There are 2 protein chains.
Amino acid sequence: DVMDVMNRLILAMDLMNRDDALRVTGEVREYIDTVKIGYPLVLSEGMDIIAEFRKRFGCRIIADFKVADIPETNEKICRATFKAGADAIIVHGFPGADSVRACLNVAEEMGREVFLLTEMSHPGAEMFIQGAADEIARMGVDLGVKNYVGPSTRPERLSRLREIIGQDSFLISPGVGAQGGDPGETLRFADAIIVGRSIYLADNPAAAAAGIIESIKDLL
Amino acid sequence: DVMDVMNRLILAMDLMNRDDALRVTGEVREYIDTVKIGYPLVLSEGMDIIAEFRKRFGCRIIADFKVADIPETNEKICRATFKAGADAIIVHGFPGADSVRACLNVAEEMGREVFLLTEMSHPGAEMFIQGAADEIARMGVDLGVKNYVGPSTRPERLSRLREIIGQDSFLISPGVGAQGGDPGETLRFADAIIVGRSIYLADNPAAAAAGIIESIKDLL
Ligand SMILES: O=c1cc(O)n([C@@H]2O[C@H](COP(=O)(O)O)[C@@H](O)[C@H]2O)c(=O)[nH]1
Ligand SMILES: O=c1cc(O)n([C@@H]2O[C@H](COP(=O)(O)O)[C@@H](O)[C@H]2O)c(=O)[nH]1
Ligand SMILES: [Cl-]
Ligand SMILES: [Cl-]
Ligand SMILES: [Cl-]
Ligand SMILES: [Mg+2]
């Protein structure tokens, strides 16, 4: 009972121009039915971009908003985001359980899903997030979180996060390609990989996506 | 050399419809010249609301976006935010130094300021953020950050943050009113207080703002 991500591949659409974002997403549509839309695109083009993607493509939308406020503000952010048509939203765990619970409550009420971001993929994540991440994950499990995000760039950490959340939980993982993570190795632990620049900056994004999929063909 | 906030009072405009947000801000305009605009309003009404506030009120705009992504994405968020006319942006320190530096770089390029959020005001902040907060503040100092955010709801923690950053740094503080923080006590340590619901949900927002100011009149 998890979202059925085509080819285990989620596009991180972080182009900031509507025309370019629409073109590239359209070009890879035969390979990907799940698109992660974040603030680079939303702050450049408006929340109506979610509407436009739904209209143009047959794609699920994950709003990567890394929600990280107090409970009252988190509730408002989630409400606005789901109102706009996002299927799911990504929330930070480091602000604590009440902040996460606020998002879960709105998602339950509105019939949508929360993804909990545990450890991040960039070097700075080692300073504070890494040391909290196992506990953030355990907190997620205690709160009944079913969907998680963890880092492709640290296979040992991604493996531990998978252990904590169990095989039944859904885990997606960014940092593949540009940040150095390997698609096949990441899919040992994650249900789906998130890929941005490797696809959207390619001369031929469709060929780039098809190439990633070919490399993981035996894992589909 | 620091931001000059009228009446040491920053309005947290978290109403989610344009008409109400503009009306209430108009009602209190004689008391403030600095407005914090966050995702509740921006995700509901669009980034164009920032220019509209500048057109109507001439106020400074702090974009409270809790920026908490990897460096590459942080750059794009800051660029989109400053393009919309924000004077400053609030950035989480928890994701580490590289993520903060990404924001500082864009702010310098566009003539804007970064505010570093150290400890948060809500109960969940105790789980992970609080234990990292002094180190996050020292990181800010090392990075040359001059503007900080810390919690009205824990004056002893707010005082410690002031100690770390020094008297020359600029410190603003939310959690006043609704979350239990006291305006005058908070201004012992913060340069300015952030106030949302105690004003914008009041029967008479102007009288609410006037009342807060009366209570701190000997601190102005
Ligand atoms: O830990 C994380 C969490 C993320 O959401 N992301 C997001 O995943 C995407 C990665 O894109 P890319 O493949 O271009 O590196 C970006 O949208 C980024 O904001 C990440 O890189 N690391
Ligand atoms: O630690 C923090 C950091 C914040 O930015 N905030 C923000 O400050 C505002 C507080 O508003 P209020 O006065 O209604 O509690 C909200 O916009 C909230 O998102 C906070 O409450 N605590
Ligand atoms: Cl709250
Ligand atoms: Cl770093
Ligand atoms: Cl909590
Ligand atoms: Mg007083």
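Don't overthink the numbers, they just go from 1 along the chain as shown.
Header entry for method reads X-ray crystallography, 1.6 Å.
Positions of Cβ are set from backbone N, Cα and C atoms, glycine also.
Per Swiss-Prot, these features apply:
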type     : residues                                            : note
BINDING  : B:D14, B:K36, B:64-73, B:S121, B:174-184, B:196-197 : substrate binding site
ACT_SITE : B:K66                                               : active site, proton donor
Binding-site residues in contact range of chain A, given that the Cβ distance is under 8 Å, out of B:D14, B:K66, B:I70, B:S121, B:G196:
B:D14, B:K66, B:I70, B:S121
Could you tell me which of the binding-site residues B:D14, B:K66, B:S121, B:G177, B:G181, B:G196 have their C-beta within a distance under 6 angstroms of some atom of ligand 1?
none
For ligand 2, list the binding-site residues among B:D14, B:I70, B:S121, B:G181, B:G196 whose CB atom is within a distance below 6 Å of it, in sequence order.
B:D14, B:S121, B:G196
